[PDB]
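Undergrad: Here it is, the structure, as structure tokens.
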Amino acid sequence: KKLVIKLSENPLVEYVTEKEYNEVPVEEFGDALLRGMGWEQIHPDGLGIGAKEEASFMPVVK
Amino acid sequence: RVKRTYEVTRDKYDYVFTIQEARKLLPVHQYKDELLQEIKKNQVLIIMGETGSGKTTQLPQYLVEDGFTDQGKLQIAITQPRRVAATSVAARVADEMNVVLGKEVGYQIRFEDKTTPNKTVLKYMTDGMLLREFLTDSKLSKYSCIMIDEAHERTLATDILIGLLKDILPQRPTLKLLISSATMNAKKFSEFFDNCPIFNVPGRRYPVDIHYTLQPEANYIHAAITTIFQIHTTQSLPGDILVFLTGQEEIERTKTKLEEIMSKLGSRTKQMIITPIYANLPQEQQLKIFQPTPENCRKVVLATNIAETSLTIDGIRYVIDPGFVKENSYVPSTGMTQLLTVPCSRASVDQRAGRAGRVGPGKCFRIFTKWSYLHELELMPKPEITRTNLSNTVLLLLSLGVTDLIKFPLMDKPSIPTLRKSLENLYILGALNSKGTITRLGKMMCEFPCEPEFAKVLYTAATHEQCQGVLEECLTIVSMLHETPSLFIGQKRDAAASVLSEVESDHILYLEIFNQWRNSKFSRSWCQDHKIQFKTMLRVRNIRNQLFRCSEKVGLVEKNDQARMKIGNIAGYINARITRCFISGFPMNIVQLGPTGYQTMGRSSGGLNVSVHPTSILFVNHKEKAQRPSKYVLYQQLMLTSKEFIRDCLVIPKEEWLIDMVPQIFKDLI
Ligand SMILES: Nc1ncnc2c1ncn2[C@@H]1O[C@H](COP(=O)(O)OP(=O)(O)O)[C@@H](O)[C@H]1O
Ligand SMILES: [Mg+2]
């Protein structure tokens with residue numbers, strides 16, 4: 001029911017297969033590899049720390 | 001001491017209607033005899049010092065003068081997390097060694113290496129680059145000594161370098177590796193290397209007065225600009241200001257605002273020298289930040305976290321600290337990485353305050369209250385291996401023969417949900433077989449100096465039967481995506497309207513800019529007329545030249561040429577084939593249009609209600625043109641500032657292109 005894949009602890013493979021994705025699904029692949037191994041916020045624009053249209057910031061007075 | 005608490009606008013402002021002698025003053029020079037004896041006794045050594053002690057510059061020079069390089073036969077590798085810190089400090093050591101750069105002292109970053117084979121003695125590298133050196137040479141046999149610098153930063157590439165070098169130390173008895181970091185608790189490093197001795201360099205530092213706001217600030221950027229002026233007008237020279245900003249986008253907005261006010265002040269206010277420091281800073285700008293400031297002038301340095309630990313600017317007397325770090329966060333359950341800016345920990349803010357205390361007693365200004373420092377800030381930083389995609393890491397470890405991958409010794413182990421999603425990503429990309437062995441595609445992806453998702457796009461364009469023959473267009477677009485923030489002067493829509501009247505997506509626009517620049521014989525005059533930075537496009541041409549050499553060694557160029565003869569591409573068919581290549585390379589970054597808005601397709605990801613970023617041309621078309629929004633959008637970057645934003649947006653008009661290119665995901669989703 002739950003398959004196990006052991007890695008080759010050490011001829012080419014061009015594409016994977018159009019069928020190995022059906023024999024081994026994507027979500028089942030990551031679970032099967034781990035069993036062989038053994039195992040089985042928002043910050044607005046420039047807002048300060050701790051606080052909760054442009055009006056150009058000129059702190060300069062005539 | 002309690003007077004430290006200050007108020008912004010303190011009161012607006014008026015406008016009328018031998019290099020060898022300096023090396024001996026460094027603190028590491030007095031400990032030079034004791035330290036070189038300790039390196040000869042012990043194979044591994046942790047060297048602790050204050051930032052600016054001289055350990056990055058003088059320690060490689062001390063090893064060469066002692067004779068560790070062995071007449072130039074053996075090279076010395078120095079490891080940097082930052083790219084700017086690799087290039088700029090190598091320029092300093094070349095000046096001190098009196099050699100020209102790239103001949104006896106060189107650097108190596110991913111797209112440019114200034115290194116000659118026989119003559120180069122000590123080389124400064126990015127931490128990612130020494131990982132790639134394992135694929136060619138597993139023992140690192142050419143190096144006599146390796147120095148992992150800035151190890152307290154705890155980046156991802158540093159952590160695997162500590163893990164990989166741990167295995168090789170029984171194999172090589174003549175390799176000595178030095179860990180150098182700031183004065184942080186190195187007991188964790190010493191436990192990993194089997195009770196390694198730690199050397200501490202005492203640092204001469206002066207006390208810093210640390211200032212806090214009364215209340216939290218609505219805009220820290222406006223508070224930081226005002227703090228520069230109250231230092232500039234009411235204090236006495238010489239004192240240089242160091243400002244810590246999050247990213248290069250906020251630095252350039254701050255710099256043009258700060259230049260705008262100094263033009264209004266004019267003759268009355270003293271001359272301000274504004275030098276930016278950020279991640280993709282050009283090489284000619286990096287010399288500007290280390291120049292000694294003239295008399296009657298104040299230097300105001302606008303920097304990211306590079307100035308915190310990696311490099312020191314001489315003469316800093318004032319530090320302004322907002323307290324944010326922009327970082328990449330990866331969540332394993334949702335399966336995506338975001339660029340988000342967070343409040344940084346207590347240890348990093350204390351590291352930023354120490355920069356004012358180098359040359360004399362200094363002042364540190366913090367835009368956050370003391371109550372938002374005792375309780376609202378974490379105590380230490382979380383390492384990068386806790387939040388990273390790890391798809392590139394696992395593919396590199398399987399190439400080197402790390403089969404077990406959970407008994408591989410690391411200082412901090414990666415989590416099982418992160419490691420599972422990393423294995424599933426390589427299986428989707430086709431880099432990993434269903435039997436689990438690395439395939440011919442996965443060995444190919446390690447060859448390129450890019451992420452494995454970009455190597456899939458270049459493989460698909462040369463090989464895949466629906467997409468075959470658009471490798472030359474894909475090498476252009478991938479090269480443009482590395483240099484995207486530095487492309488445009490001014491707003492992007494003004495430069496986009498000049499090069500081509502109607503563009504659908506960002507990827508096609510980046511193709512059209514480089515082609516018209518190539519048709520103009522790479523003219524500098526073309527870029528000023530069309531408002532693209534010319535210095536950026538010279539780097540993009542450098543990236544394309546490096547990727548084209550790697551495509552020839554794989555054999556994609558020869559398969560491209562046979563394909564281009566057979567197909568006979570028409571310009572309507574080319575943009576369809578470019579779209580399908582990026583679907584196969586980035587299948588997780590697809591967004592479906594919904595009733596509320598754009599929404600992530602992944603069933604683990606769910607509905608996030610992502611919006612299009614305003615810099616993208618897809619936002620420009622929806623505001624101005626009457627075109628309906630596309631149902632499927634592919635993005636390169638995800639960013640969180642008050643809502644999630646996507647940059648570098650591609651348009652997918654057809655639903656079946658998702659199913660045809662990557663059926664293993666989108667058969668269930670569609
Ligand atoms: N590119 C450069 N140009 C000029 N001076 C530099 C450069 N890089 C470093 N320095 C100087 O050399 C000294 C050594 O600094 P460094 O070794 O980088 O600090 P650390 O000991 O924290 O690694 C510093 O005082 C710095 O001012
Ligand atoms: Mg250093």
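Scheme for the structure tokens: letters A, B, ... for chains in order shown; per-chain residue numbers from 1; ligand numbers from 1 in order shown.
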Find the spatial neighbours of stretch 36-52 of chain A, counting only C-alpha atoms, within a cut-off of 7 Å - ignore same-chain residues fewer than 5 positions away - and output them as a PyMOL selection string.
TA: (chain A and resi 4-6) or (chain B and resi 216-221+341+343+368+372+404+640-643)
Undergrad: Extract, using only C-alpha atoms, all DNA, RNA and protein residues at most 10 Å from residue A:14, discarding same-chain residues fewer than 6 positions from it, and format them as number ranges by chain.
TA: B: 430-431, 433, 439-442
Undergrad: Using DSSP secondary structure from the backbone, list all alpha helix (DSSP H) positions within chain A, as a list in words.
TA: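 These are the residues in question: residues 20, 21, 22, 23, 26, 27, 28, 29, 30, 31, 32, 33, 34, 35, 36 and 37 of chain A.
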Undergrad: At a cut-off of 7 Å and counting only C-alpha atoms and all ligand atoms, what residues surround ligand 1? Please answer as a PyMOL selection string.
TA: chain B and resi 49-58+88-89+91-92+287+290+309-314
Undergrad: Looking at only C-alpha atoms and all ligand atoms, which of B:397, B:307, B:100, B:320 is the one that sits closest to ligand 2?
TA: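 That would be B:307, the residue with the smallest distance to ligand 2.
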Undergrad: Can you pull out the residues contacting stretch 326-338 of chain B? Cut-off 10 Å, using only C-alpha atoms, and skip same-chain residues under 4 positions away; I want them as number ranges by chain.
TA: B: 245-247, 304-305, 342-344, 384-390, 415-422, 425, 588-589, 602-606, 637-640, 644-646
Undergrad: For residue B:362, work out the shell of residues within 10 Å, counting only C-alpha atoms and skipping chain neighbours fewer than 5 positions away, then give it as a list in words.
TA: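 Neighbouring residues, sequence-local ones excluded: residues 206, 207, 208, 209, 210, 239, 240, 316, 317, 318, 319, 353, 354, 355, 356 and 357 of chain B.
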Undergrad: For a test of reading the model, state the distance in Å between atom CA of residue B:654 and atom CA of residue B:594, rounded to one decimal.
TA: 16.0 Å
Undergrad: Quick one: distance from atom CA of residue B:211 to atom CA of residue B:3 in Å, one decimal?
TA: 8.4 Å
Undergrad: Which residues come within 8 Å of residue B:200, counting only C-alpha atoms, excluding same-chain residues fewer than 3 positions away, as a list in words?
TA: residues 47, 48, 49 and 183 of chain B
